[PDB]
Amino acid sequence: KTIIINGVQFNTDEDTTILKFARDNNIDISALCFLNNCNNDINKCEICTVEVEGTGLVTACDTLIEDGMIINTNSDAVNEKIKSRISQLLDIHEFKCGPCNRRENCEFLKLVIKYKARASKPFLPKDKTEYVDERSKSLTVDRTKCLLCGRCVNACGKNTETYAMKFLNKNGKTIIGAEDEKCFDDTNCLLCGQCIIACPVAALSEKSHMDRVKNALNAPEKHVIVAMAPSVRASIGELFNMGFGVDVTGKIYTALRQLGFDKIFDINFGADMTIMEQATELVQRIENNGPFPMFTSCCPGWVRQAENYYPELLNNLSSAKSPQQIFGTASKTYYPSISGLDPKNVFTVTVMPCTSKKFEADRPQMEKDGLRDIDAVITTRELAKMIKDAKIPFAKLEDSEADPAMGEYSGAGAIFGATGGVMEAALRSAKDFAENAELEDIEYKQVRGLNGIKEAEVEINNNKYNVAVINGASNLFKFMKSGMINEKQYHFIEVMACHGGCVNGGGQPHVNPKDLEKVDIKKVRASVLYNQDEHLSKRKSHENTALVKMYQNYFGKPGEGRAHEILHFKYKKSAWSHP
């Protein structure tokens, strides 16, 4: 093929779109609705408009290159068309970037600036109440910002295959939302927030908990605990122009103290707790044979997927609470026993890469004696904004350490945020528990990686067992619908709703398509976690000295006694009722 782009001749045999061929040859072409190798097929934004000689204006994002094509990407006719489309989008967009939560990284704003587009009539709604949906515990919608680009809809389909995010006809007008415009929580939605990640603007956001936190911080009698998820220390640095894959663990501990938090702990400690219970439970299920398989229960997105699509598997879920919930349980019980604080005055806050974590924390039964396990959950984005609002020079901060009591963690807990992380961490303890030894080789590389469905055969106590790691909610459906579950007897299965693991969560920092092309965001973030595991002395959850002291002095033996009573949570399919 011979391609002419802006007077430059190209000789290629590649079969691809004009947009991507231009991107591969450093030729600038704008784009909006195009994401994850798909565009808005029904109402194309036409921001990727280029001029093909002999044909006219075409959309470069979905037009294959052909031999003899003469393309102009920066002609006048092209730029006026693109400027016209952006202007029309501004006519339905509340253009007030000042208080907006996408101010520092909004794809639309940089398109408005690039083409210097102005609205024919400034969209200024008198009352955003009808445009805004804040009924969910995880998601919020602001349709004053929605461009109707369909990226959220496509993302939902690709990532979860639930199609919970739909195009809707709201009284003659086209909008996006849940089925029948219901609250997302009341539908088959997983609350994974992958639709947020795909949104170029502030139309989709997480359900804010920042008022919960700030009100608790300012309350004199409240002792506010904060504990961040594995993925946060590998991600939040992106929002401070520090690049990708930068371990900023120490900076976060310091920033949290300057924010006024009363105690700095870590969810990775709770991750070690989850492994303690789960690995013990796995050994229990082996000696009992059943119920197999055992599924992980730490991902609330997967829990909702099970509840909404596979309720017969609810009993097969691990009884062990998620690292977030199992931490919060101990924060209201164990922590006061070693501090003297009044449990009612304890306020536990977590920092999560996940929007579904907010729903899990607000589950009615996720409490004890009137005390919530987790009082508030803020996303990686929310913490970052909280830091910038306090004008904390994050990139200039010294590394400080967390408080050890519930802040120490092994390398096993560190890799939780990556796909296959929980599986590998659980095997490190389950093997040592069953064989009653301290095994040297603990690296399970075969369950790592970005493959959708990963299986492995493991040898536990002179017996072989089949494990599986499900990477992404869509791959759960594939694993079940295709009958892969029945090819062999699986004993232990990890499931994560977000592909790549929690590092690709819905509460994670946004990454513009032009950095996604150059950076493998899922591997680069996960690398930080794996590097920590490699450099740590303790790489097994049961070697967590702070955790061992907690169990020895308070809980006793894992999987039984008081631990089984308050650190566990079982999901049950609804009792029979009719209708």
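Throughout, we count residues from 1 along the sequence that is shown.
**Student:** Which has higher Cα B-factors on average according to the PDB entry: 121-129 or 488-496?
**Tutor:** Comparing averages over the C-alpha atoms only gives 121-129.
**Student:** If you average the CA temperature factors as listed in the entry, which stretch comes out higher, 135-143 or 77-85?
**Tutor:** Stretch with the greater average CA B-factor: 77-85.
**Student:** Based on what the PDB entry reports, which of 445, 481, 158, 233 has the top C-alpha B-factor?
**Tutor:** Answer for 445, 481, 158, 233: 445, with the highest C-alpha B-factor.
**Student:** Which of these has the highest Cα B-factor in the record: 419, 461, 337, 297?
**Tutor:** Among 419, 461, 337, 297, the highest C-alpha B-factor in the entry belongs to 461.
**Student:** Could you look up the Cα B-factor of residue 218 in the entry and say which third of the chain it sits in: lowest, middle or highest?
**Tutor:** Middle third of the chain for residue 218's C-alpha B-factor.
**Student:** Would you mind ranking residue 546 by its C-alpha B-factor against the rest of the chain and naming the third, lowest, middle or highest?
**Tutor:** Middle third - that is where residue 546 ends up once the chain's C-alpha B-factors are sorted.
**Student:** Taking the values exactly as deposited, rank residue 111 by C-alpha B-factor within its chain and report the matching third: lowest, middle or highest.
**Tutor:** Tercile = highest for this residue's CA B-factor.
**Student:** Can you tell me which third, lowest, middle or highest, the CA B-factor of residue 411 falls into for its chain?
**Tutor:** As the PDB entry reports it, the C-alpha B-factor of residue 411 lands in the middle third of its chain.
**Student:** Would you mind checking where the Cα B-factor of residue 290 ranks among the modelled residues of its chain, as the lowest, middle or highest third?
**Tutor:** Highest third.
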